[PDB]
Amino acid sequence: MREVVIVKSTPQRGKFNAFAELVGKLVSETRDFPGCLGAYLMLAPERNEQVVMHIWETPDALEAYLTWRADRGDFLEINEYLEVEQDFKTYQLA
């Protein structure tokens, strides 16, 4: 199986563009992780929503990525920018 993650972020008031800059770098870091087949950043300023989607060659690769990023300062910096916890969902790629 290939898996897909979709993560929806809701930035704090006044921080939409700053968060887009921050998360764009994190998306690049994700794109470069071994086994990531693609990563995309989606913006809807008028809805105060940013969505990241990434595709994984194996569940192995996804899980290695999630473990690797969990304690990293760069990924953890998102907490200073978001109003509520990210909505993180995993899917099977058909």
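Sequential numbering from 1, following the sequence displayed.
Open item on the list: Quick check: 14-22 versus 78-86, which has the larger average CA B-factor in the record?
Closed with: That would be 78-86.
TODO: Tell me, please, which of 67, 48, 58, 30 has the highest C-alpha B factor according to the deposited entry?
DONE: Highest C-alpha B-factor among the listed residues goes to 58.
Open item on the list: Split into thirds by Cα B-factor across the chain's modelled residues, where does residue 1 land: lowest, middle or highest?
Closed with: As the PDB entry reports it, the C-alpha B-factor of residue 1 lands in the highest third of its chain.
Open item on the list: Using only modelled residues of the chain, where does the Cα B factor of residue 94 rank: lowest third, middle third or highest third?
Closed with: It belongs to the highest third of the chain when residues are ordered by C-alpha B-factor.
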